[PDB]
Structure formats: structure tokens, C-alpha cells
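You are given C-alpha cells for the same protein chain in two forms, set apart as structure 1 and structure 2.
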Structure 1
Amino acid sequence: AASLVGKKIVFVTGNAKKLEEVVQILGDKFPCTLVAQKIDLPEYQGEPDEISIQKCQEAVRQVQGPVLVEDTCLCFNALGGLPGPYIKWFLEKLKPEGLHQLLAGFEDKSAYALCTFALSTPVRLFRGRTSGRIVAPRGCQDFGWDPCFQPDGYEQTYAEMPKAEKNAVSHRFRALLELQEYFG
């Protein structure tokens, strides 16, 4: 915790859009300095905690310096929290349009979006979560499942929202707030 002050932290992720968000959802005065190195890291099957812990332990082996990773899950309550940690693949095969069709046989259109950051130099996690409902796609297409996730309290999806608004209310925000709050 205190050890990482003013240090360099290699943030490892291939995803340009999430990195771009993570830079923006903080700034001066985040104590450390981040450095993006794109590496396509291989994730395990199971629970987001276990996955994130292991994903981080994998990054440690390859970078060896101080390191940070993250995982995002889109979890449908109708489907016991699935696709959850496998969302990436469902998005690859179905796209947002299809993700809505996936719940066509269920009344419960509700869901939640989970974001789990993992840190190393004993691994520590920082979790953020937003509840909502899965709808027919509305808005821009340039970032994953945003078009079909309508968060609770709002009449527009994450894709429709101006990035500024999303960055204030999102699952990522919730997690990043833990990360920042941990230092000071």
C-alpha cells in the first residue's frame, strides 16, 4: 500500500477503449504513474475473483515490476450471472443485438456489470459494480456491450451517454474509486 507510492505501475491490457477510460476516470492526483503495455493475457474459467487473481499472477511473471490488470463481466440475473466472465466471447459471436435475443425467453431483463482490478508488486483486488437492464441496442457501437446495457435510474444506455457521464456512474468508476481511495 505505502510501498507503491510514487512508483511506476505497468498496466497490462490489450483493450484500448478501457485504457482510454481508465486514464480519464482519474488523473493528477493519483499518486503512482501508469504505463500501458498491451499483452494478450490468457484468462481461466471460473469466478471473477479467481480469474483476476490468476490473471495478475500471470502478468507478474511477464513484466516482473509493479503490475496492474483488470476484468469486466456483464452478468444477466436471468442466467445466474452469466455470460459474466465470458462476455468477451458472446460479444464476438453475437454482438449487442444478439445479447438481447439471448434473454428473449426470460421476463427478467435485469443484469449487472462487474469490474475487477488486481494489483501486485499477496494480491489485492478493487471491485466496482453497476446494476441495470439489457435492452435492444441503442447508441454508438465503438465499445463492446455499451449499446445494450441501460443502467438503473437512467433512460439511456452507456453508449448513448456522453463519455463524461458514463465515467461518473459506471462499474469502472466504482472500482477506480476503490483503487484511488486505497492510496490516502
Structure 2
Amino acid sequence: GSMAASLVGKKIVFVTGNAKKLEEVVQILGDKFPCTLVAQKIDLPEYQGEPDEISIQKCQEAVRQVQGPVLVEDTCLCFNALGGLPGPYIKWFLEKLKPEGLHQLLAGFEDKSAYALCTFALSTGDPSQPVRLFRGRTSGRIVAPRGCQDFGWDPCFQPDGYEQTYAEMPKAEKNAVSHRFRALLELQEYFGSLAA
């Protein structure tokens, strides 16, 4: 042991379908991240359950495919008046309702607050090794959409700190409060900067 150290200098499969998502991650993790991430498209179910338990189940199924170290990502958009929903089901709700409809879903609630959540889940592919989760959250409010509508649910999410939606914000300012950047910082810190 440790788990982190067992992975230094090793390939970790990052589940994704395109090289630019790998590049984003690799840059954020920085040059002292002491493992080799390799992108591969692995066919995984999508699960219902609480965010952590979905993340864990998806990473376990990835281990059954890969049988070696693997890294998966999941992102939730959680409305506080709805008890954290749509949460992990946000894709479906964005698809059916659009940004404008995501906001409209809150018309009956005075509390417009929300948070964006990214979870990365990592496993060595075992012994006997529990999945480890790395999370990032950003608080904000659901608003009538602003900004370019191509950017998923970003038009309807205004992060605390700002008067701009994620869609309106320039990428370098979104990065500074991003839920995904925050999750990846937890992953980076887990491994430390002393091994590479």
C-alpha cells in the first residue's frame, strides 16, 4: 500500500469517447500526476440511486470490463428545493425540458438555489479494493437562461460569486469555480506531487 502509490507509473483507463476530454483532464491534473491516463470507450449502464452509489456501481462495472485500474466521471445538477433532484437524472430533464424548462420546473418553489456536482470514481481493478470517490461542488442558483444555448444546462446555472451564468462566463472564469476542476483537485491531492 498505498492505493495511490500502487498506481504510480501505471496505466489508468479513463472512460470517455474523445481525446479532447482526456486532454482537459490531463492538463488539470498537471505534470506531477503520477499515472498514465488512457482514454477508452467502455460500454457502461447508467444507474439509479444516490450520486455516490451510482458512481460506485458504474466504477465496479468498469472494473468488470477492464480488470485493471479505471477512472469514471459523473455530473449531477441538484436543485435544493427538489431535495437534490434532478441530480443524476439531469440529462433526461435537460433533453425534455431545455434550459428554459429546467428553470420553469422551479416555478412553484421560492428557493432557486442549486449546486453542480462532479464525481470521479477510481479503482485499481482490485485485489479487494474499494472504489474511491473524488467530488467537487459549486453552489449557485437556477435562473432563466442566459448565454449561448449550445452549452448543455450551463445557461440556467448562475454560480455564487457571479452575475453571469456558466454559459455566459468565459471559460477561464468558469474554471475558477468549476465543480469539475474541484473534483479533479481532490483526485490530484490523493496522489500528491512527490512521485513525479
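Counting starts at 1 with the first residue of structure 1 and goes up one by one along its sequence. The term rigid core refers to the most C-alpha atoms you can superpose between the two forms while keeping them within 1.5 Å.
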In this pair the form deposited with ligand ITT bound turns out to be structure 1
Align both forms on the core first, then report whether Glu21 has a C-alpha shift of 2 Å or more between structure 1 and structure 2.
yes
Honestly, after the rigid core fit, is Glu155 moving at least 2 Å at Cα between structure 1 and structure 2?
no
Comparing between structure 1 and structure 2 on the rigid core, is the C-alpha shift at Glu47 2 Å or larger?
no
Following rigid core superposition, Cα shift of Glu107 between structure 1 and structure 2 in Å
0.7
Rigid-core fit: what Cα movement does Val35 have between structure 1 and structure 2, in Å to one decimal?
2.3
